[PDB]
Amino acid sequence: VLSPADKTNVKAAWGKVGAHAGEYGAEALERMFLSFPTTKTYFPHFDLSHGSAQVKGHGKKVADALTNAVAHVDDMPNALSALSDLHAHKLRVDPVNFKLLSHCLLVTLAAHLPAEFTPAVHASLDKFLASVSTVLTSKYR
């Protein structure tokens, strides 16, 4: 459950991320596949090589989904209903993997935002990602 301060931090931080969202999503995915190889079994038909166009394209989709969540932070279940169906009902992703991707996104943000990844921002973004993870791993239709 995000407080008003968390929401403000998430909207400001993601706003800072800005046009680099797609790139960060792709880097987060790459860090995940390398750091936690078991996650790769979820992407059997993907070219997961460093810099693959497929991962960059997918990173963009992930980013845009997060941007959408940020813009509907007070009503994420509704805004992410289709993604929840995909991850929770169809793919049945173990929730542990969401902790891994979230951690890799935080590591990516930290690596790219030396001037803005403050402890409060880090804390609000962690809660935001945990909230998104809960929605995507829940079957609520």
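Throughout, we count residues from 1 along the sequence that is shown. Only the largest set of C-alpha atoms that superpose within 1.5 Å between the two forms is called the rigid core.
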Inset, instruction - State which stretch is farther from the displayed form on average in 6 other deposited structures of this protein, 109-117 or 60-68, counting RMS CA distance after fitting on the rigid core. - result: 109-117
Legend entry - Outlying stretch relative to shown form, 27-35 versus 81-89 in 6 other deposited structures of this protein, C-alpha RMS (core): 81-89
Legend entry - Entry-level comparison of average CA B-factors, 101-109 and 41-49, reporting the higher stretch: 41-49
Legend entry - Per the entry, higher mean C-alpha B factor between 73-81 and 59-67: 73-81
Inset, instruction - Within this chain's modelled residues, let me know which third the CA B factor of residue 90 belongs to: lowest, middle or highest. - result: highest
Legend entry - residue 22 - Cα temperature factor, lowest/middle/highest third of chain: middle
